[PDB]
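The primary structure of each chain is shown beneath.
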2 protein chains.
Amino acid sequence: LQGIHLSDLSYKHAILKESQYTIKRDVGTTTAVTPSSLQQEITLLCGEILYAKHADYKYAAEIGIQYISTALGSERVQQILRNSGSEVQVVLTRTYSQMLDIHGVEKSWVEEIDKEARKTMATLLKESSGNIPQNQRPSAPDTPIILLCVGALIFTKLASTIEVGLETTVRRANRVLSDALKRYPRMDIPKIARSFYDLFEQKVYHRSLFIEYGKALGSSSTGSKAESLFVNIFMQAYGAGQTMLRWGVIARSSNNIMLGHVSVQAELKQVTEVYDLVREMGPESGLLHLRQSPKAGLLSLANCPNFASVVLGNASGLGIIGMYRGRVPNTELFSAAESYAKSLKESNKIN
Amino acid sequence: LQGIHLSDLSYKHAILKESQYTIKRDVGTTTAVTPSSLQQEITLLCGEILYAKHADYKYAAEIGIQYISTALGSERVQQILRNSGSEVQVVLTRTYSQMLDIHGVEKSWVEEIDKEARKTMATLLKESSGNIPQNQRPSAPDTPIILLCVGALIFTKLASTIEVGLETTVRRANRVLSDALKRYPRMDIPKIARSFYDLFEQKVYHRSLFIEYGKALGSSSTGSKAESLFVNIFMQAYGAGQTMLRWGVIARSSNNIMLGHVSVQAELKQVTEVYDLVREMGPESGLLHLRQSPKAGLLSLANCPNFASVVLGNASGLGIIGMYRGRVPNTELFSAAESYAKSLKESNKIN
RNA sequence: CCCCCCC
RNA sequence: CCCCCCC
RNA sequence: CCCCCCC
């Protein structure tokens, strides 16, 4: 009975990876970028969104992506979009009287944001004593990263739902971005997060662009505190869409007794197959659900209901499960694992 | 008695694989493709099938395959058809006044579908408040993938019968494609599935084309949620036509006691030969029955009636057998294995 | 189909 | 988010 | 001959 072995998942991944033909999508579409020579101007825009109370926050995400394009460069951004499987033709950004003319972003919107910000600045300078510090002004060099930090907060919740994503973004940005909120008292995290979620859902190649910025930022030798915060949040998104695997390795670390049942031990083989596929893909496996790589779903543990039920029960026992919305297929294993997990958490045993 | 060994199955596969002559079929036949430059138009057609209630859904499968041809490209599609063992001459697609002239698809049909869809859109715009969202319109970019998702649902049931295939397609598409059904309330999954089943049976080289699209989609770096769903369904088709091998590895994982009988232990040698042949073919072994590769049938376990009966009994005991229509040759082994499988399922043993 | 918590 | 002492 | 279930 040693030879009765199939290895289906490795074969599926081998089929998906070994393709001699490249897909082509978004052939007739275009997107906007801004060259690095305009970074000092786009920073202003990315900051002129933050300290004023704007009626429409619709294209804030596009301005954050514009700053990313200034950071990497226009040619590198076109190359990134091309290697992301999307045949989008980059459209460059121009200036006019100065202000920016970003493609697909109406000049009325940019003018409205700039005018609202100028009026707010004049009002806060006229009434107050005219002692605006260097960090409270729109031309601060970390304002684009503060906007991209809200974007990165909503990036970590792209596997989740829209409403859960917005609530988590607001809750976490009131604390993660407390200093920016103090510097810019009137920044509407809900609307900016909504804009970023809309951008990430509509233009999926910008997820790849956004990921490339994270790499280009994490590999840098120096950075401000805003960029370090952005990288911290960006890395919090790494295992997005695959929390079941993380809870499985947690259960294995917990030495759950219900892991030794007959059905769990029956499915452990294909479970180890899923983990081997994770290792096979390597570093980019974590970014599969963030990118909406169609290859995602090879890492699903839905084909092991007893293992999934035991792991969710262990998570519920440790209190980790929180408000996870997954299904528990086998309730008896879930409850038994929960009981053991509570017993282990409550008990204090030292070796 | 160590040398009394034959290895017939390896020899049969060696004969089949090591052929110096290539077959030629469909020599005088032609098929239609659409170049990528028309993708933005074909998308419309692939979506103009979905939100209107059409009398004839006869060539919907050809429109899905046309979108696949736009995605891969005309030259790559001709090459795919050539390497699939079929000498079909590709015929390109043209436009006229705009609409498409697909070869083998009557222009009356295309005009009828377009006119029905335009009339339905006008009716739903005139009566309603004229607030059609961006996902409910025919020009949505995931509509071709929604049609190909119905096609992929009927693709997983190509080893099954036509009626079972259509019933499963409707049942699964009311749930898998619930969001598309909400977006397009009036999409007739039965008729579209019938069209796709007819296409897959008549033109078998389009199975190879359809498989190539799955690879070109699974290997992509990014994709929409529709394409991820399509790849999920496409991978659900992987072991099609070979569920007996999957249930055999399930039985081995279950540690069924009836595996140790004399006749089961007698046939385990050639059973392991079948599994070794699976490993020998490698990743493409799963796609043999989907492709109707004549080499399929080397993976049949019909020459091991006692092993097949024990495995089917184990499956019936675990409740996995469902409504499987295979034959049980040896009823005593089937019943004994079923009894042990029920006993193991009912019993909760933890190591 | 998949995903779904907290940081 | 992270960091946080003494030398 | 083979295939045949569910997701």
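Numbers attached to residues count from 1 within each chain as its sequence is written and can disagree with those in the entry; no residue without coordinates is shown. Each chain gets a letter, beginning with A, and each ligand a number, beginning with 1, in the order they are written. The chains in this view make up only part of a larger assembly, and the values are for that part alone. Water and hydrogen atoms play no part in the side-chain values, which are based on all heavy atoms of the structure.

Determination of this PDB entry was carried out by cryo-EM to a resolution of 3.1 Å, according to the record.

> So, the overall build of chain A: which residues are in play, and what are the values?
Within chain A, the regular secondary structure consists of 15 helices and 4 strands. Here the C-alpha coordinates of chain A stretch approximately 80 × 55 × 35 Å along the principal axes. Looking at chain A residue by residue over its 351 residues, the buried ones come to 50%. All accessible areas in this document rest on Shrake-Rupley with a 1.4 Å probe, and a residue is counted as covered only by the protein chains that are shown. Counting every atom, chain A has about 16500 Å² of accessible surface; 51% of that belongs to carbon and sulfur. Helix numbers and strand numbers start at the N terminus; a helix is a DSSP run of H or I with at least 4 residues, a strand a run of E with at least 2. In this scheme, a residue with accessible area under 20% of its type's maximum is buried, one over 50% is exposed, and one in between is partly exposed, where area comes from a 1.4 Å probe on protein chains only.

> Tell me about the relation of the copies chain B and chain A, and name the residues and values.
Each copy superposes on the other: chain B lies on chain A with an RMSD of 0.0 Å after a rotation of 36° and an axial shift of 0.0 Å. Here, two residues are considered to be in contact whenever any of their heavy atoms come within 4.5 Å of each other. By residue overlap, the copies meet through two different surfaces: only 4% of the interface positions of chain B are interface positions in chain A. Copies are aligned with a least-squares fit on their C-alpha atoms.

> Could you give an account of the interface of chain B and chain A, naming the residues involved and the relevant values?
On the side of chain A, 42 residues touch chain B, which itself brings 54 residues to the contact. As a working definition, buried area equals the accessible area (1.4 Å probe) given up by two parts on being put together, with both sides summed. Summed over both sides, the interface between chain B and chain A buries roughly 4300 Å², with carbon and sulfur atoms accounting for 60% of that surface. Counting the surface chain B buries against chain A, the share from its top three residues, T222(B), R252(B) and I350(B), is 16%. By definition here, a salt bridge exists when the distance from a side-chain nitrogen of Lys or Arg to a carboxyl oxygen of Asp or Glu is within 4 Å. Counting across the interface, chain B meets chain A through 3 salt bridges.

> Just give me the short version of the protein's contact with RNA strand D, but keep the residues and values in it.
Residues and elements named next belong to chain A. One heavy atom within 4 Å of a molecule or strand makes the whole residue count as near it. Inspection of the region around RNA strand D gives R172, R175, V176, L229, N232 and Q236 as its neighbouring residues. For RNA strand D, the fraction of atoms within 4 Å of the protein that belong to sugar or phosphate moieties is 61%. Any pair of nitrogen or oxygen atoms within 3.5 Å is treated as a polar contact; in protein, a donor-acceptor pairing is required on top of that, and neighbouring residues in sequence qualify only through side-chain atoms on both sides. With respect to RNA strand D, the side chain of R172 contributes an N or O atom lying 3.0 Å from a phosphate oxygen. With respect to RNA strand D, the side chain of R175 contributes an N or O atom lying 2.9 Å from a phosphate oxygen. Elements with a contribution of two residues or more to the surface near RNA strand D: helix 7 (162-176) and helix 11 (225-236).

> Let's hear about unusual backbone geometry: which residues, and what values?
All names here are of chain B. Backbone geometry at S7 places phi at a positive 60°, although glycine is not the residue there. Here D26, not a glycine, exhibits a phi torsion of approximately 55°, which is positive. In this structure, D26 sits in the loop between helix 1 (8-17) and strand 1 (30-32). Overall, the relative accessible area of 33% leaves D26 in the partly exposed class.

> Can you break down the protein's contact with RNA strand C residue by residue, with the values?
In the vicinity of RNA strand C, 31 residues are found, and the nearest of them are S160(A), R171(A), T243(A), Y324(A) and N232(B). By atom count, sugar and phosphate contribute 65% of the portion of RNA strand C lying within 4 Å of the protein. Take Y324(A): an N or O atom from its side chain is 2.2 Å from a phosphate oxygen of RNA strand C. Those elements that provide at least two residues to the surface near RNA strand C are helix 7 and helix 12 (243-254) of chain A together with helix 7 (162-176) and helix 11 (225-236) of chain B.

> Go over the layout of surface pockets with me, naming the residues and quoting the values.
Residues and elements named next belong to chain B. Every definition here rests on a 1 Å grid over the protein atoms only: cavities are sets of points where a 1.4 Å probe fits but cannot get out, pockets are open sets enclosed by protein on both sides within 12 Å along at least five of seven lines, and lining residues have some atom within 4 Å of a point. Grid points are joined across faces, edges and corners, and a volume is the space filled by probe spheres set on the points. Put simply, the second largest pocket is a space of about 1100 Å³. In terms of lining residues, the second largest pocket is bounded by 30 residues, among which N83, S84, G85, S293 and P294 are the most central. With 4 residues, helix 10 (residues 205-218) is the single largest residue contributor to the lining of the second largest pocket. Under this grouping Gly is polar, as are all residues other than the nonpolar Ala, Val, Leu, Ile, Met, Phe, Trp, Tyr, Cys and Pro and the charged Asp, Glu, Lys and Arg. Looking at the lining of the second largest pocket residue by residue, the classes come out as 10 nonpolar, 10 polar and 10 charged.

> Describe helix 14 (residues 305-318) of chain A, and please don't skip the residues or the numbers.
Residues and elements named next belong to chain A. Helix span, expected: 1.5 Å multiplied by one less than the number of residues in the helix. Its 14 residues give helix 14 an end-to-end C-alpha distance of 20 Å, which sits within 8% of 20 Å, the value for a rise of 1.5 Å per residue. Judged by how many residues are buried, helix 14 sits mostly within the fold: 11 of 14 residues are covered. The inward-facing, buried residues of helix 14 contact helix 12, helix 13 (262-281) and helix 15 (331-346). With its phi angle positive at about 85°, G319 sits one or two positions after the end of helix 14.

> A description of the pattern of salt bridges should follow, citing residues and the corresponding values.
All names here are of chain A. Inspection of the entire model under this criterion finds 31 salt bridges over all chains. Close ionic contact of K215 with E212 constitutes a salt bridge, the shortest N to O distance being 3.9 Å. One end of the pair, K215, and the other, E212, are both in helix 10 (residues 205-218), 3 residues apart, so they sit about a helical turn from each other. Of the residues examined, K215 reaches a relative accessible area of 32% and is grouped as partly exposed. By sharing partners, the salt bridges in this structure join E212, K215, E284 and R291 into a single network.

> Before we move on, can you summarise the packing of helix 12 of chain A against helix 13 of chain A with the specific residues and values?
Residues and elements named next belong to chain A. It is at 12 Å that the axes of helix 12 and helix 13 come closest, and there the two elements cross at 115°. Classified by chirality, the crossing of helix 13 by helix 12 is left-handed. Along its contact with helix 12, which presents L245, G248 and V249, the element helix 13 presents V274, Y275 and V278. Of the residues assigned to the contact of helix 12 with helix 13, the class counts are 5 nonpolar, 1 polar and no charged. A fitted line through C-alpha atoms serves as each axis, taken over the contacting stretch for helices, and the angle formed by two N-to-C directions is quoted from 0 to 180°. If you view the pair so one helix is near and one far, a crossing is left-handed when the near helix is turned anticlockwise from the far one by less than a right angle, and right-handed when it is turned clockwise.

> I'd like to hear about the side chain of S74(B), residue by residue, with values.
All names here are of chain B. Counting through the fold element by element, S74 comes out in helix 4 (residues 74-83). Residue class for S74 comes out buried when judged on its relative accessible area of 15%. Setting aside its immediate chain neighbours within four residues, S74 contacts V33, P35, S69 and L92.

> Can you lay out the packing of aromatic side chains for me, pointing to particular residues and giving the numbers?
Each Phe, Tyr or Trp ring (for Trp, its six-membered ring) is paired with any other whose centre lies within 6.5 Å, and the angle between the two planes then decides the class: stacked below 30 degrees, edge-to-face above 60, tilted in between. Using the criterion set out here, one finds 22 aromatic pairs over all chains in the structure. In textbook terms, an aromatic cluster arises when at least three aromatic residues are bridged by ring pairs, as seen for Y67(A), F155(A), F196(A), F200(A), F210(A), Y213(A), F230(A) and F234(A).

> Could you give an account of helix 2 (residues 39-48) of chain B, with specific residues and numbers?
Residues and elements named next belong to chain B. Buried residues dominate helix 2, accounting for 7 of its 10 residues. Here helix 2 has its buried residues at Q39, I42, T43, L45, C46, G47 and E48. Of the surrounding elements, those touching the buried residues of helix 2 are helix 3 (60-72), strand 4 (99-101), helix 5 (107-126) and helix 6 (143-155).

> Can you tell me about a nonpolar patch on the surface, naming the residues and giving the values?
A cluster of nonpolar side chains, namely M121(A), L125(A) and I132(A), defines an oily patch on the protein surface of about 220 Å² accessible area. Judged by its relative accessible area of 35%, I132(A) is partly exposed. For patch detection, residues must exceed 30% relative accessible area and be free of salt bridges, and they are connected within 9 Å for like charges or within 5 Å for nonpolar side chains (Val, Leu, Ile, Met, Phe, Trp, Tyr).

> A description of the environment of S36(B) should follow, citing residues and the corresponding values.
Turning to its location among the elements, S36(B) is positioned in the loop between strand 1 and helix 2. Of the residues examined, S36(B) reaches a relative accessible area of 14% and is grouped as buried. Between the C-alpha atoms of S36(B) and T22(B), which are 14 residues apart in sequence, the distance is 31 Å. Those residues in contact with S36(B), other than ones at most four positions away along the chain, are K24(A), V27(A), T70(B), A71(B) and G73(B).

> Which residues make up the nonpolar core, and what values go with them?
Of all hydrophobic cores here, the largest spans 125 residues; its most connected members are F155(B), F210(B), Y213(B), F230(B) and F307(B). The leading source of residues in this core is helix 6 of chain B, at 10 residues. Apart from the residues within four sequence positions on either side, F230(B) is in contact with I145(B), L148(B), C149(B), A152(B), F210(B), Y213(B), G214(B) and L217(B). Counting residues in each nonpolar core, the second largest holds 69 residues, with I42(A), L50(A), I68(A) and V110(A) among its members. By convention a nonpolar core is built from buried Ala, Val, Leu, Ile, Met, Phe, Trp, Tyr and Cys residues, the set being connected through side-chain atoms within 4.5 Å.

> Residue-level account of the side chain of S254(B), with values.
Residues and elements named next belong to chain B. Summarising the element assignment, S254 is placed in helix 12 (residues 243-254). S254 sits in the buried class, given a relative accessible area of 14%. Among all residues touching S254, those that are not within four sequence positions of it are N314, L318 and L344.

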